[PDB]
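Chemist: Would you mind keeping the following structure in view while I ask a few things?
Residue numbers (the numbering used here): 11 to 63.
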């Protein structure tokens with residue numbers, strides 16, 4: 011399934027700033043979906059990128 015749209019649905023809780031990133035970058039993140047096959051593994055690579063707390 012399109013985990014990309016799912017992983018972005020959670021960002022809705024953070025706001026409308028961190029969600030823009032995922033939407034903007036729809037090529038480098040799509041790989042993470044077929045690398046770890048998880049969510050916590052992806053989010054961990056977001057707090058270091060932008061800096062969401």
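Cβ coordinates follow ideal geometry from the N, Cα and C atoms, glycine included.
Go through its chain and collect everything with a Cβ distance to residue 29's Cβ below 8 angstroms, but skip five positions before and after it.
Modeler: Hits under 8 angstroms: 18, 21 and 22.
Chemist: On the premise that residue 62 lies in contact with residue 24, defined as a C-beta separation below 8 angstroms, what is that separation, rounded to the nearest angstrom?
Modeler: That belief holds up - the Cβ atoms of residue 24 and residue 62 are roughly 6 angstroms apart, short of 8 angstroms.
Chemist: Let me confirm a value: residue 39 is counted as buried when at least 16 other C-beta atoms fall within 10 Å, else exposed. Which label applies?
Modeler: With 16 or more Cβ atoms within 10 Å of its Cβ, residue 39 is classed as buried.
Chemist: Within the continuous alpha helix (DSSP H) that includes residue 32, where are the two ends?
Modeler: From DSSP, the alpha helix (DSSP H) with residue 32 extends over 28-34.
Chemist: For the alpha helix (DSSP H) that residue 40 lies in, which residues bound it at each end?
Modeler: Residue 40 -> alpha helix (DSSP H) spans 39-43.
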